[PDB]
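# A closer look at the structure
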Amino acid sequence: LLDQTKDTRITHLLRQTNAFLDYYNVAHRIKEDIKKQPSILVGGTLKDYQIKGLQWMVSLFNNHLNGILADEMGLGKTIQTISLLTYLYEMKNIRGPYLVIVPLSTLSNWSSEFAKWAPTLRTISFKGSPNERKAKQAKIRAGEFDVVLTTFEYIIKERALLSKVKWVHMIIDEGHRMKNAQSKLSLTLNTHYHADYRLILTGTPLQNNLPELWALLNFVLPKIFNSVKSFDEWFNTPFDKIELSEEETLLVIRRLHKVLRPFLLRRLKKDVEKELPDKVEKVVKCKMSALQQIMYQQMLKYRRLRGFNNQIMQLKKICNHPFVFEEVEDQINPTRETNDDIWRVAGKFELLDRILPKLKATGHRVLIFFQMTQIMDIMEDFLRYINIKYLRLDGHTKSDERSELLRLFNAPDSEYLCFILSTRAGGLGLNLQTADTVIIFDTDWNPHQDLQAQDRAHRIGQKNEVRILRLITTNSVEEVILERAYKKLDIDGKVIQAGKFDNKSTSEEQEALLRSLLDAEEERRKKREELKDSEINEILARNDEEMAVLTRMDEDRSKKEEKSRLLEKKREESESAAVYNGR
Amino acid sequence: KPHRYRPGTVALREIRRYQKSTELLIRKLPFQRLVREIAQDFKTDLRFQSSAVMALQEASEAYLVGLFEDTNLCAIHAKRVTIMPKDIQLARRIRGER
Amino acid sequence: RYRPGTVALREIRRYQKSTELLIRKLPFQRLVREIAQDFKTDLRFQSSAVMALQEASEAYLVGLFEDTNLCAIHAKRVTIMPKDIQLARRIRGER
Amino acid sequence: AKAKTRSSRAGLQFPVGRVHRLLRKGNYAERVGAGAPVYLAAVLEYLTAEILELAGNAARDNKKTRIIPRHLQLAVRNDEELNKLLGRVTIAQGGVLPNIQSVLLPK
Amino acid sequence: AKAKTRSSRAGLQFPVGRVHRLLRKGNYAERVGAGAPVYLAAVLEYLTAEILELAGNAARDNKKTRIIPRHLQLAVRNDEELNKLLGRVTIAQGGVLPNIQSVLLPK
Amino acid sequence: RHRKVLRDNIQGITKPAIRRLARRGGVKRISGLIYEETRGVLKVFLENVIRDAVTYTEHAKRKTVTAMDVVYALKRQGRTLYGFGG
Amino acid sequence: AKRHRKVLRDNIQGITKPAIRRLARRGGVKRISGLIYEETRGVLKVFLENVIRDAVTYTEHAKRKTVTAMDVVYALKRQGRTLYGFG
Amino acid sequence: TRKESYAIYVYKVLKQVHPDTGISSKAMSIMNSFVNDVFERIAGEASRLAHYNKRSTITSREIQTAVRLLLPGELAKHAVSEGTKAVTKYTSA
Amino acid sequence: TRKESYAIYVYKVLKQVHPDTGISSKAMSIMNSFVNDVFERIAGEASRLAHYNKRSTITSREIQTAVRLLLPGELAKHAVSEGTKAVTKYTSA
DNA sequence: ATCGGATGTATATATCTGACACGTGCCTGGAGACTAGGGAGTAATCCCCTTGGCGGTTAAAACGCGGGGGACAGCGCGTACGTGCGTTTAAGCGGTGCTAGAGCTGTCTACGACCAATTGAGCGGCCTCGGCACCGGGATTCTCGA
DNA sequence: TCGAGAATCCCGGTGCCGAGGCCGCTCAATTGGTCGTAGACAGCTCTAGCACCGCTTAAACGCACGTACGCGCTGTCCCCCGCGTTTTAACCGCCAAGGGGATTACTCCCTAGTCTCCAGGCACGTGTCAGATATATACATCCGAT
């Protein structure tokens, strides 16, 4: 059936693609396959799957094919790229002027890799005020160079000057920022014109929404935007799932990745380098105060009675933590100083009262991630309220403050268990293994976020266990979204499960992915389906010692028994503070 | 020896500049945050097309320009080359805002 | 003889304390008609209407004084001077 | 049928009939909803009540059983709100509020 | 029958039809005499001619084939009559006429 | 048998009168030059009023100028008086 | 301390001393006394305070949460400040 | 020939305010001019609204809006209060 | 949905004045607002007259009167001249 | 601060006069009773733009800090100006006649309203390409110490 | 004062985008009927401006004259501008759904509108007290003199 439509597109529209100068047969036709590492390769050696996918892309562009790479971080995609380019100058002898573009964050280290590898051939970078620019602008206007490296800023700016010159190959990095259609990169390339070849990268490919595949892929070939509008029909319907997108798109869509097997490489560190010790994964529940519920119920009304722009405002603030507008506390406590009821108000707090102490008693270092970093504000002083050793960082902490603080908490002896973060902003790329423990107050709100929140710790070199620790309160929207993007947690592993056979490029993969898949959904509908911290005490053992001594933390809070758990009423501020929340 | 122009020479040279130039001279945001901040006080939570706000920034900036030039006259008529609040509140006092 | 200006004040009390139009009827009129000559000749004027004009005028002046008064005050001079007037009108924009 | 005036039915002193009539002749909208004339008429009545009370008080200041325009000028110019309202209009036989600039007062 | 536009029949650029229409909707009088709309439309046309000519000249001052509001502000504020007319209204993107008080000029 | 072109009732406007005015206006002591200036302004003001009230009677096509046309003219400039109707 | 941010910049500080200065300059005051800045703010305030209300007023009867450039246009007009360029 | 005014009404209002007080004719006249003035402003404004929101009719509502425009502070407050309340009581019948 | 304006007319007038000159959009907008302004004033005034002299209709005559009001000096002179003359020529047919 | 006065200003005692308030009569103008109608209501979709944090970039705000000159007050003369005081015209009055001109009224007639049928000017959208922004190199001029 | 310092401009060559020019297609302009009528108008009745004289006293005028406010120069000192320095936040590219505003569609409750008629109110008289106004006086506010 529709596989034959696929085939037609394959042969003919491929012919048109190569004019623009399965697929697997016809896409791989042009034969250059080299398992060597090239000559000038210096200062380290591949993990030679790197040779394999290397060679794969080699054939791509020898097949006259651009590419898109899904590879996991820590595999030195950097090198792979580099050595590739070196090869182009090198055995290909092409010496083509090649554009490389990265986020400003890492460009330092990328330069560093030119150092460790190919000072043998030039680079050109850009940053640092007009002067350096106009200088090296003369350099490229001089035309002499080997590599030209930059970030997106001066792409925007000098892009006219850049576009002046013709181009052979063109590299694009963190290419999932191409995620968005009108993110100016693409169209500014239309004006900027183009290089005969191109490449896109991603650490993690993105939402199964999949314009994700489109903007990228369409941008790889004209065939891909027109055909992938016919696949605007197809993928508009890409997901009666068992009647369409489950039983069938095994065939249809999992064979659309079988379509994309010539078009993609992905790899798995813990399959190859396989140094991940473990991560042990949990989510739990909490109560929310009568304010945070009963009033929040009345403040559901107040969501419609600001109290407005509900989701991020109402739902997430209140359903997270209190006095976001502070009349809560102040009206209640004018002294505004830390006190009892800060632990009481949102169950996450009193929880922290029930866990963080044991963390200390178990001495295990914690990194956490947040949104609207203001919540973490409470955290500081909440911690102060016991006076606990901690650090904090947010998206607003400055660059070298960041690098510094990294080193600081990274002190092997650092008295800080708690170094607390903003998810995407503070996180960026990092590996901090001086912390053995991870905790989460918030949704994924797309997975890759808290996937970073996973990949800070147990990325290569953290061999201690990993408790993945989530707070979703009973009868809350974080439940809702939780299983929304957590659907995506079965959705990512699903079409991206197709990515998970195509990674290795072999079908036996997808054959494990059969019940990986269907078993996953089994779990998903086990969700068709209130915690006393006793049980938690019994789940927190990374050894049985932890059990004993923490149960004796409960000797302590046992015999000295600690007030009500939640804020539960007061009642004058019910009506009055209700109407002041009724705005 | 350093190069410093006689006092006020700068000021004049600007006045040439500004009179010779069109655009709104007040930063967009602060003006806005102010505006919304004000509108809070009547009925909350009101979307504002950028255009409308632009208009307000017109009416304001122009309005000021007037108020200066007059208050300028006032101080002149006091034989003082620098304005002082009494001069303002005088000027508004004549336009009757007071 | 009373000290200078004492008279002036005592009047200002008087006038503020009293209603009526302070400008002689006729001269005002002869002026008015004299003016209207210049547009279309020969126009009967009910006394009433003219009365109105004398209102609008006299009041109008009273305003213009009090302001010009302020102006000179702000110049720290207790006696008005033409520059002060033309200043005041200049602010009301008549100029 | 038994007729009676709406103003009576509003218990108010302004003939909403007359008012409404004026409205239509006024070419304001091609049509008139029956609430407007009432509402307005009342408004007027309130206003008049205000100004009257204030002035008449001012008459009592001299204890003059009858009110004169002088009174009107005085009361109106005294109030902040009204004098704000009427500042662009003159009262006939106005006079001006007792007013003195400090600097001109002797020691 | 052969129709043609009155504005053509006036040899003028403003659609007296449209004008008249606006008039009636404007609730001005219950009725409209046919001379008014013509007469007015012409008036407008004259006005526009004035302001345009003056401004466009001011553009030629910098020899700018296109007219910008700055020009408008300049020309209008320059003329006595117009600036008298429009003094109560601001032009967008106005700027202000080159203006200096004598006393502030150096020797 | 009378049309008599009048002469300088502006000069007819008496110094003492203007004085009285400023007195009600509150001014205490007065410069000489003021008289001429004030007279002139008073004039031009009048001109702007009369021209329009006339204009009314013009279109009214009548020999006489009501208090009304005065009033309409005044408001029509933005100055309003009460008590005379309208 | 930190978590309590209640200590913060008042606005109308958002109107910048240099800006105000610049406008006085385009209007042509050459030497400026300091205090004017202060007072200047106050004046501007009243302005908005009168206008925006009335502007909202029309959006008031609009029964539509948004205030477009109209209510500006009009309300200004109802001050006799009527403006051009926007329609 | 008659020429209608509000005078008698004004008078009765005084009888509802300072019932013992007299009024000169001229005063009465002033009151009349005052009233019809205010009336002018109001009708104008309401009319304006009707035009802008493009309705063919004027109700109490528009009126109220205009009132909120013109009469500041206590005027708005007490006033609009009274207009509304009168509308109510009357419209009961 | 269309929103009508005078723009094209303005443009053609320029072609009858400085036919070689361009115009920015924003300028054009200003012109529009200007026009409908003036129009407002005029219509208001004429309407006023119709009210005072108590006629149920507006002709050119009232218009002219109002024109003589607003536009001083050369404006009145040349202008009213043009209005009249246009009325003439057209009204020939 | 008195010495004392001399005058500003409200009180005491009639009363006179004028508009103001009470009684009138009819009238047209507001109220009711009834039908009628699009103008708004009410709601349907559609969809463009609206509110939450982040990475990086610059230009401008913040601020420091001379000296220079402008407020700024002080003060010593003067001349125009406040004033009273005896001169001095004229408005104001009021009263008398004067009519032209306001003001009101029957009439009809051309003219506007209205509509129906007709349509091509104006509008919405779609290229594009010369005016224009910019520039930076270089050409001059304004400033302030000699 | 010339000088060179700093400023500004000038221009030739510099991408770029709204001004404009093009082209379908409607609805709003126009035609030609009609009818109702408002205003022209032409005729009239009587008020209110308007001229003129006698008369009155106020009020304006000239001035005679002190003097007190304006004006000009000096020394002060204080804070503003200029400029350099160093910070920080507008400012723009982004992530991340909800909604309100826009539009159009189909139903009555409201309105105007007609006619009838009964009174509420206005024009219009007429008694009658408010108070304006004139005499007769005493402490309250200036003004030398102590």
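The record lists cryo-EM as the method behind this PDB entry and 4.69 Å as its resolution.

## A few points about helix α2 (residues 16-25) of chain E
Of all the residues in α2 of chain E, the buried ones are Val 16, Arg 18, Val 19, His 20 and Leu 23 of chain E. Elements in contact with the buried residues of α2 of chain E: α1 (6-10), β1 (31-32) and α3 (35-62) of chain E together with α1 (7-15) and α2 (25-52) of chain I. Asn 27 of chain E sits one or two residues past α2 of chain E and shows a positive phi near 65°.

## Thoughts on the nonpolar core
Counting 59 residues, the largest nonpolar core has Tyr 39, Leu 40, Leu 47 and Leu 72 of chain E together with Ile 58, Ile 63 and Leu 71 of chain I as the members making the most contacts within it. Of all the secondary structure elements, the ones that give two or more residues to this core are α2, α3, α4 (69-78) and α5 (80-86) of chain E together with α1, α2, α3 (60-70) and α4 (74-91) of chain I. Considering each element in turn, this core owes the most residues, 14 residues, to α3 of chain E. With residues near it in sequence (within four places) discarded, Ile 63 of chain I still touches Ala 36, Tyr 39 and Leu 40 of chain E together with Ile 42, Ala 46 and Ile 58 of chain I. Counting residues in hydrophobic clusters, the runner-up holds 56 residues, among them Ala 10, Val 43 and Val 76 of chain D together with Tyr 82 of chain F.

## Side note on the protein's contact with DNA strand J
Near DNA strand J lie 82 residues; those nearest to it are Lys 157 of chain A, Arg 27 of chain B, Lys 25 of chain C, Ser 25 of chain H together with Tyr 9 of chain I. The sugar-phosphate backbone supplies 98% of the atoms of DNA strand J found within 4 Å of the protein. A distance of 2.3 Å separates a phosphate oxygen of DNA strand J from a polar side-chain atom of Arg 6 of chain B. A distance of 2.8 Å is found between a sugar or linking oxygen of DNA strand J and a side-chain nitrogen or oxygen belonging to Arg 29 of chain F. In terms of residue class, the surface near DNA strand J is built from 22 nonpolar, 22 polar and 38 charged.

## Side note on the protein's contact with DNA strand K
In the vicinity of DNA strand K lie 84 residues, with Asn 180 and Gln 311 of chain A, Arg 18 of chain D, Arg 20 of chain F together with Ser 56 of chain I positioned nearest. The share of sugar and phosphate among atoms of DNA strand K within 4 Å of the protein is 98%. The side chain of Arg 21 of chain E places a nitrogen or oxygen atom 2.9 Å from a phosphate oxygen of DNA strand K. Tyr 11 of chain I is positioned with one of its side-chain polar atoms (N or O) 2.7 Å from a sugar or linking oxygen of DNA strand K. Residues of the surface near DNA strand K, tallied by class, amount to 22 nonpolar, 26 polar and 36 charged.

## Some remarks on the interface of chain G and chain H
Of the residues lining the interface, ten residues belong to chain G; the matching set on chain H comes to ten residues. Where chain G abuts chain H, roughly 1,000 Å² becomes buried across the two surfaces, and 55% of that area is made up of carbon and sulfur atoms. Summed over the shared surface of chain G and chain H, the number is one salt bridge. Residues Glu 60 of chain G and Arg 68 of chain H are paired through a salt bridge, measuring 2.5 Å at the closest nitrogen-oxygen approach. Taken together, the links from chain G to chain H amount to three residue pairs in polar contact. Residue contributions to the side of chain G that touches chain H peak at six residues, all from helix α2 (residues 36-62) of chain G. Grouping the amino acids of the side of chain G that touches chain H by side-chain chemistry returns three nonpolar, two polar and five charged.

## Comments concerning the pairing of strand β5 (residues 195-201) of chain A
All names here are of chain A. Burial of β5 is extensive: six of the seven residues sit out of reach of the surface. Bridge count between strand β1 (residues 67-69) and β5: three bridges; the pairing is parallel. If you follow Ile 68 over to β5, its bridge partner there is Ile 200. In this structure, strand β4 (residues 167-172) lies alongside β5, joined through five bridges in parallel fashion. When the sheet's bridge partners are listed, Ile 171 is paired in β5 with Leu 199. Handedness of the crossover joining β4 and β5 through helix α8 (residues 185-192) is recorded here as right-handed.

## Quick look at the pairing of β4 of chain A
Sheet analysis places strand β2 (residues 98-101) of chain A next to β4 of chain A, joined by two bridges and oriented parallel. Residue pairing across strands places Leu 99 of chain A opposite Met 170 of chain A, the latter belonging to β4 of chain A.

## Here's the deal with helix α25 (residues 544-559) of chain A
Along an α-helix, a turn takes 3.6 residues, which lines up residues three or four apart on a common side. Residue and element names in this part refer to chain A. Compared with an ideal rise of 1.5 Å per residue, which puts 16 residues at 22 Å, α25 spans 22 Å between its outermost C-alpha atoms and is within 8% of the ideal. Where α25 is concerned, the buried positions are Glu 546, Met 547, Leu 550, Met 553 and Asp 554. What you see down the axis of α25 is that its buried residues fit within an arc of 120°, all on one side. Among the exposed residues of α25, those pointing more than 90 degrees away from its buried face are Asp 544, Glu 545, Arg 552 and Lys 559. The N-cap residue of α25 is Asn 543: its side-chain oxygen and the backbone nitrogen of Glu 545 are 2.8 Å apart.

## Quick look at empty space enclosed by the protein
All names here are of chain A. By volume, the largest cavity is sized at about 400 Å³. Every residue lining the largest cavity is counted, 24 residues in all, and those nearest its centre are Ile 68, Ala 70, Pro 205, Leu 213 and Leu 264. Put simply, the parts of the chain that give the lining of the largest cavity at least two residues each are β1, β5, α9 (212-220), α11 (247-260) and α22 (477-502). By residue class, the composition of the lining of the largest cavity is 16 nonpolar, five polar and three charged. Looking at the lining of the second largest cavity, the elements that each hand over two or more residues are α17 (347-362), α24 (533-539) and α25. With five residues, the top contributor of residues to the lining of the second largest cavity is α17. Of the residues belonging to the lining of the second largest cavity, the class tally is twelve nonpolar, three polar and six charged.

## Focus on the packing of aromatic side chains
Scanning all chains against the criterion turns up 19 aromatic pairs over all chains. Relative to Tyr 52 of chain H, the ring of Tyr 74 of chain G lies with its centre 4.5 Å away and its plane at 45°, an arrangement referred to as tilted. Residue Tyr 74 of chain G is located in helix α3 (residues 69-77), and its partner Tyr 52 of chain H is located in helix α2 (residues 25-52); the two belong to separate chains. Residue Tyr 52 of chain H is classed as partly exposed on the basis of its relative accessible area of 22%. Taken together, the aromatic side chains of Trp 214, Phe 231, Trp 234 and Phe 235 of chain A make up a single cluster linked through ring pairs. The side chain of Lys 316 of chain A reaches across the aromatic face of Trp 445 of chain A, ending 4.2 Å from its centre. Just above the ring of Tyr 486 of chain A sits the side chain of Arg 524 of chain A; from NZ or CZ to the centre is 3.7 Å.

Calculation notes
- Residues numbered from 1 in each chain as written, not as in the entry; some residues may be left out.
- Chains lettered and ligands numbered in written order.
- Heavy atoms only, no water.
- Residues with missing side-chain atoms left out of burial classes, pairs and counts.
- Buried < 20%, exposed > 50% of the residue type's maximum accessible area, 1.4 Å probe, protein only.
- Helix = DSSP H or I, 4+ residues; strand = E, 2+ residues; numbered from the N terminus.
- Contact = heavy atoms within 4.5 Å.
- Core = buried A, V, L, I, M, F, W, Y, C linked by side-chain atoms within 4.5 Å.
- Near = heavy atom within 4 Å.
- Polar contact = N/O pair within 3.5 Å; in protein donor to acceptor, adjacent residues only side chain to side chain.
- Nonpolar A, V, L, I, M, F, W, Y, C, P; charged D, E, K, R; others polar.
- Buried area = accessible area lost by both parts, 1.4 Å probe.
- Salt bridge = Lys/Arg side-chain N within 4 Å of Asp/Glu carboxyl O.
- Pairing = 2+ DSSP bridges.
- Right-handed = clockwise from strand over helix to strand, strands pointing away.
- Expected span 1.5 Å × (residues − 1).
- Arc of directions from axis to C-beta.
- 1 Å grid on protein atoms, 1.4 Å probe; cavity = no way out; pocket = protein on both sides within 12 Å on 5 of 7 lines; lining within 4 Å.
- Points joined across faces, edges and corners; volume = space filled by probe spheres on them.
- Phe/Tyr/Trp six-rings, centres within 6.5 Å; stacked < 30°, edge-to-face > 60°.
- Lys NZ or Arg CZ within 6 Å of the ring centre and 35° of its normal.

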